[PDB]
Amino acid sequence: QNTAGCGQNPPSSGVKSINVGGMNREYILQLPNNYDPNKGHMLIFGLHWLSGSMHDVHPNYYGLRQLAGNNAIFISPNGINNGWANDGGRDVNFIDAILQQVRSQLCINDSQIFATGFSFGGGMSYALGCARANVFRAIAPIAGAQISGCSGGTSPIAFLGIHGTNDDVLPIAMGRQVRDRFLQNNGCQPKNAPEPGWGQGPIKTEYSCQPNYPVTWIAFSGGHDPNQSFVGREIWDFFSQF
């Protein structure tokens, strides 16, 4: 179902500021090349990593921008202290405030709201899946871990996890913990997920879960690096199935 912003004159793309409980915070809004204000769009949050900023995720959005056509609106929010510590839920509240604002300004399909990010931004995507499973259709942490909290975390939500076997910063076992939570929440049948050897190609494992709540795990043989050529393709294909 489409939001109240449908049919309204659109704002401009660029850096926006927003008051969150007295705290001034900032995000980048990127409209598609051809924005039809009468068509419901996907909404994709891309979340930066530690010591990064919103300006590192924009303009490429982990490879999604080049694949998305006119179907998606992109948002790159800025973390406090170049991170997503999410103290007391303040970063979940930030996302709540962005959503309230953009849904009233833009034509968004409420069943196509997504979040993805790398490392600390993958932790933050996980926190949104824990606390806002009613809002987000799917999350895709890249080298994620439980480092931004997880309040709630019992509801199902479609999940794609990507992680490198030789990641020395957030070891892959931390990403498997995130995955295993949604294998339980989504009612997935137990299944072995093989992971590649050194110098071997990525291995994607698709689980059998409740119909609306798929779980996919992709392990690649590299390290702490989101710039693999399959990343944008796999995330887009996962998001566009809904």
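A residue's number is simply how far along the shown sequence it sits, counting from 1.
In this entry, 145-153 shows the higher mean Cα temperature factor of the pair 90-98 and 145-153. The PDB entry reports B-factors from which the mean C-alpha value can be compared for 185-193 and 33-41; the larger average falls on 185-193. The residue among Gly63, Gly46, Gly201, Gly69 whose C-alpha carries the highest B-factor in the deposited model is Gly201. When all modelled residues of the chain are sorted by CA temperature factor, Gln105 is found within the middle third.
Split the chain's modelled residues into thirds by C-alpha temperature factor. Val169 is in the highest one. Sort the modelled residues of the chain by CA B factor and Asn19 lands in the middle third. Among the modelled residues of the chain, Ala4 sits in the highest third by CA temperature factor in this PDB entry. For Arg25, the recorded CA temperature factor ranks within the lowest third of the chain's modelled residues.
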